[PDB]
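For reference, the structure is listed below as structure tokens.
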Amino acid sequence: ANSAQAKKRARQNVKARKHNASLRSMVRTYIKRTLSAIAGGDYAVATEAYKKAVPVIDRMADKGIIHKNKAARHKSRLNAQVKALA
Amino acid sequence: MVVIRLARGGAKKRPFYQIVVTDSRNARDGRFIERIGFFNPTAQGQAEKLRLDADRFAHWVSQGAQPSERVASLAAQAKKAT
Amino acid sequence: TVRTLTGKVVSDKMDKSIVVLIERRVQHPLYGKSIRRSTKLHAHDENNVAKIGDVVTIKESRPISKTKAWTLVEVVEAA
Amino acid sequence: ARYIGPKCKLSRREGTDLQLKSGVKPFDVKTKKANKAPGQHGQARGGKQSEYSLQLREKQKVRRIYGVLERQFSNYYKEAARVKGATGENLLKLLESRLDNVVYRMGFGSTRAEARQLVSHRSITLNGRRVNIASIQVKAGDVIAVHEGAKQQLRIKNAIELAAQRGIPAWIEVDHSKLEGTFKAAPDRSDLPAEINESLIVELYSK
RNA sequence: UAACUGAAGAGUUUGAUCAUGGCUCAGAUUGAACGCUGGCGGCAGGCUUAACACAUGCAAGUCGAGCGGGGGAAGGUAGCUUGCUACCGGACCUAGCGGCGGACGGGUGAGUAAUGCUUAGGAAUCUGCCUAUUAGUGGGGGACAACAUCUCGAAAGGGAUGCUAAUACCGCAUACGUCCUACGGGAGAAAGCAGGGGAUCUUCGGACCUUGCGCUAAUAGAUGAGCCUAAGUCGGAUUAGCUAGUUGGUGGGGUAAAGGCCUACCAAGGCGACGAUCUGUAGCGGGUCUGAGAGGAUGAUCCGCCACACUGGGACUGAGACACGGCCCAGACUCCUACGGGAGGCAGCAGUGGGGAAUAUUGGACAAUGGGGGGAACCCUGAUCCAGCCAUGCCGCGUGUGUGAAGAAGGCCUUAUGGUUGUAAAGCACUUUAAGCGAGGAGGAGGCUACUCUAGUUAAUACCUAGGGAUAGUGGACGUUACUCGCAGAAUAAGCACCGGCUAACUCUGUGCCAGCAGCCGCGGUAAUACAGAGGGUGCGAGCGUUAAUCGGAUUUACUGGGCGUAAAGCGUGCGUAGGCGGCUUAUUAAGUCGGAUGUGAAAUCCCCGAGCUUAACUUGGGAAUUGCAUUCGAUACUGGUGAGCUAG
């Protein structure tokens, strides 16, 4: 970087990268937990996992970490797979 | 945004402006959406000095176009004249 | 209000997919003689009604696969 | 650039009076060497010429009286060919519409060179404005007057009295007392001398 | 009114001739170069070669009305070595956090024969700032730069401990819209700052009211971008088979979004003589040059699209990048070093080296038009507007005008005295364009501030917003502007090519197949109109010639528009595949063909009629044109399809 503002932009970039990466890993972990419950196959367990996963997905969608279309797709597909367990 | 502004043409020391509606990110004398008049600051004799299409101006302003200072002054002067 | 083409089927092996041959007649740009040209278009046929040799109509639609963007409308003549 | 030099050899080569001198003396008494070409190998008028020689010799004669060079003359031809009408008639109209020629024919200058000098030295006004370009095209209904400082010139008074010997043309009306004149319209071919042939120029430039 | 009107040949094969057929010449044009010469102005253009390497300066900042610190000026108050000190409130400045911008504007054409471009359409998308409308902006918490200490390094810059503010960050509460839904229900936000103030209170300094700028959720509009389809878009067969995520399907994953985009299975498909695969070359279009047209060549300067940023591979932040002057990695190269450690990318503007036949200043201002930030004041802007250099091009002007012959002098030729230079010169009388000197002097500036008035919002006259009026200030880099008026005196200002024919313009000297000229045919071997000089003349003219390149002439690739007995050219002769073409009558279809309507065919460019430049170049208003494409409605003579019938093949 040649200019002070460019250097400042790089600094803010690395900070924001760290913060966003942590927030995105959280959503990935919760979706993984719901998928594991689905694989386990108990309807109540899968329902609890889905009910715990949904608020985190919506919160991180509202912050711009992920797109709201992606959040809606995740919610719909997970709900369908849970309902499949009867 | 969308703006209404002046694009320069003519010869050296004798500018002649077209009044254009365009995206602000475009180059001054490049891509534009619609041309709605002209301005000649040094008109002489029988030459017209300012033509402006008031209905198109109003229609584009109603959609959120932002005139520049010079274009707004010219529009006010044209409305005063006619 | 939708673009349609009329052709003849030249293949039906693929599942839910048919290949139809379109033909057109144009004048040569320089020498003026009328020339015939052919185009092979993949189409979507959900119920495998079409077979080799029938005359079919197809209409433009959104992509279905890598190479298919047209869908069958009706069978005009049977083989 | 304008031609400068001897005018009588110029006229002798073409064989006809080109009106390049004031005219206080006739051409024959002026030169004494007419019908002889300027060169030592110069011969009589009866020398045979090819068609290419004839077309060239006519165009040169037409250029030499008006004092126009080749670039401007070719531009004149190209404009006359574009304008609808007879090409030769249009070319003659364009040549006779120049400001210096109108000043000469109005009698404020003894010769076209005098008229050109007067126009260039800002001694002429066109429609009330002092101009200095000899090739300005004069339109119908114009007013050419002598500038105030230009007035009371002995050369101008000699020019007007000399012009009195000739005939003031139809399209130009002059108040010589006020040094003022009014071009009305472009001469038609009948007014101009009939010895000039323009067809030769036409195919020469349309080759 | 108008928008077009357009076509020339010559030389050369032979002792003549006609034909065939090449070669050469006369035209237009240029981002040109070189030789000789050179006065001015206007308007344009200016590294086509090394996408070769780069010294140095500039080309992206702004906001204290988001925030905490920290500085240095003044002032006021106190004292007194008396004009010095110490204290206190306001006015200025900004290293850091934070917001917006940096994805625009500018450069280049390496790569790319189709993921690109052009024309016409489509559905499954997102979109900061702008416009309209709807619902809100409640209450908490934990941190980290700055700062302080220590430490490494000459530094440049690094590292480690302890604090701190916010429109930085994260829970909780609430939800007109919004998301999911099994239709029962469940889920998800935000931030404050500034101006003014009547009354009231003020736990003592604000609350409260109001108006702006903000922030959150959502729907439309506009703008921008992503995706898909059809038809077009340069050669090569001395390149004939190519393809296994390959072609299709199902489950799942993934994207803003359709989709083998990815993945696990199932099947064996997909492309190709209408040229697949391989290979050479190349940015594409509007346009430009040429041509009677059809065509051919081309893609500088202007505009649209695409791609690239020392060479390759990636991702982050963000509404938007896989980002020229951002980050990471690998490679080559270059630089500083105290050897500890570091740094860099002109195909941005100017400029250097190198290459080349060849292409310019290390300039001025943000006054104008735009762009970024800001409430404003204002700051930034090598975009831009201007200036400098170059006859590179186009257009215009000047280098003087009239008179002046028993034809001065001098030069050249000669039939030896005439001819010619030539009115040319001298002499006589005049004029002052442009350049030079002096004086005056538009327009490019709309506006802003000050004053006053009116109308909105309010509780308000305050503040803010929108308007009106007159006056006064302030605002131009170009610039000693354009333009106008005075002074001087012809005074400051012409070259280049050619004269056997093609092709306008002829003699004498000098040399003798020598020296030399030459586009083709050809000149020179003692009378050279063709070599060199001189006299004379011709053509152009601040230019004139040569070389290079494209089209034309070339009907010399012939679609318009050519040929094959002997000039070049019928396969040695059959059969036959793909293909091309195909007898008569009738009914029907409307693919070819023809007609109407609608939409589109950007602007600029070409042409026509006008307007403004003292004229012209040039600029500009409105038309005409863009010969095309798509959709839709009609006609049925001919061609094609289908049904029926016939016999001359």
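Order of the sequence lines fixes the chain letters, A, B, ..., with proteins taken first and strands second; residue numbering starts at 1 for each chain. Worth knowing before you read on, the calculation uses all heavy atoms, side chains too, and leaves out hydrogens, waters and symmetry mates.
Base pairing of E/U547 is made with E/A32, judged by Watson-Crick or G-U wobble geometry with both donor-acceptor distances under 3.5 Å.
With both hydrogen-bonding distances under 3.5 Å, E/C170 and E/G140 qualify as a Watson-Crick or G-U wobble pair. A Watson-Crick or G-U wobble pair links E/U474 with E/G447, each of its two atom distances being under 3.5 Å. Nucleotides E/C397 and E/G39 are base-paired: the Watson-Crick or wobble atom pairs both lie closer than 3.5 Å. Base pair annotation for E/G61 with E/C100: paired, by the Watson-Crick or G-U wobble rule (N1-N3 plus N6-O4 or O6-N4, or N1-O2 plus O6-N3, under 3.5 Å). Taken as a pair, E/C485 and E/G535 do not qualify under the rule of Watson-Crick (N1-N3 plus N6-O4 or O6-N4) or G-U wobble (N1-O2 and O6-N3), both under 3.5 Å.
Using a 4.0 Å heavy-atom distance criterion, D/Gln117 is classed as a base contact. If you check every strand for non-hydrogen atoms under 4.0 Å, D/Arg2 touches a base. Within the nucleic acid shown, C/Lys13 comes within 4.0 Å of sugar-phosphate atoms alone, with no base atom in reach, counting heavy atoms only. Heavy atoms of B/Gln46 sit under 4.0 angstrom from primed sugar atoms or phosphate atoms, though from no base atom. Using a 4.0 Å heavy-atom distance criterion, C/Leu21 is classed as making no nucleic acid contact.
The pair D/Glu148-D/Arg130 fails the salt-bridge criterion, with no side-chain N (NZ, NE, NH1 or NH2) lying under 4.0 Å from an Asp/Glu carboxylate O. Salt-bridge check for B/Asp23 with B/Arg31: failed, with every basic side-chain N at 4.0 Å or more from each acidic carboxylate O.
In this structure, of E/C169, E/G370, E/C43, it is E/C169 that holds the atom nearest to the side chain of A/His19.
Looking at which nucleotide of RNA chain E each of D/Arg82 and B/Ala47 is closest to, the 5′-most match is held by D/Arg82. Along RNA chain E, the nucleotide nearest C/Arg24 and the nucleotide nearest A/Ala10 are compared for position; the residue whose nucleotide lies closer to the 5' end is C/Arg24.
Applying the 4.0 Å criterion to OP1 and OP2 of E/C126, one finds that A/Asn69 has a side-chain N or O inside that range. OP1 or OP2 of E/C97 sits under 4.0 Å from a side-chain N or O of A/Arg11. Side-chain N/O atoms of C/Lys40 include none lying less than 4.0 angstrom from OP1 or OP2 on E/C274.
Among pairs with a residue in residues 25-41 of chain C, those fulfilling side chain to side chain donor-acceptor pair (under 3.5 Å) read C/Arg24-C/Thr39, at least two apart in sequence or across chains.
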